[PDB]
């Protein structure tokens, strides 16, 4: 796999979003991967609905957190609407999928990346954006303004985001905290070192949609 990958430059990443005062990161994370795989497979970049996952994936806990892989299975075994059709509200409400007409996109499944394995994660990223988790509770992550983030942090993951590229010293992550945080809403997290968990536990639990 090459030294640089950046799905933004291939038109496979939509603008940075803001989950606001709702623990819906898991839904944002899943949607980034869906937006990515749809562009790669069909040539169209669309925005898909985090709100639908928030309201409809009842294995997850709405604004109290949830599971990217559970969200991704919903899209494959049910489907997902466009963001325009089912926009983000920042509060969990009833599932309105039926009320909003047929799905816009469907996936053919979900796969997990081999955990605690930097190359496996990079190989996956070279193929498509990947949902990843990390520890975000530390002030260092919260206050990140730019540069290669090395921590300090532990491995107690609590935040779902999406990896959309990498380069020699980093993995490039799209966060859902608005465009003021980090590097225009992104973070470059240090990679390469002697760390099987990854910086901030980045290699703990990573998924991607399958299509088509």
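Numbering follows the first chain given and starts at 1.
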Seminar exercise, completed: As the entry reports it, the stretch among 63-71 and 179-187 with higher mean C-alpha B factor is 63-71
Seminar exercise, completed: Higher of the two mean Cα B-factors (83-91, 116-124; per PDB record) comes from 116-124
Seminar exercise, completed: Entry record, C-alpha B-factors for 24, 14, 18, 195; the maximum is at 195
Problem set entry | Modelled-residue ranking by C-alpha temperature factor, third containing residue 163 | lowest
For this session: Select lowest, middle or highest to describe the third in which the CA B-factor of residue 76 falls within its chain in this entry.
Result: highest
For this session: Quick one: classify residue 131 as lowest, middle or highest third of the chain based on its Cα B-factor.
Result: lowest
Problem set entry | Relative C-alpha B-factor of residue 38, binned into the chain's lowest, middle or highest third | highest
Seminar exercise, completed: So, residue 169's CA B-factor, relative to its chain, sits in which third? The middle
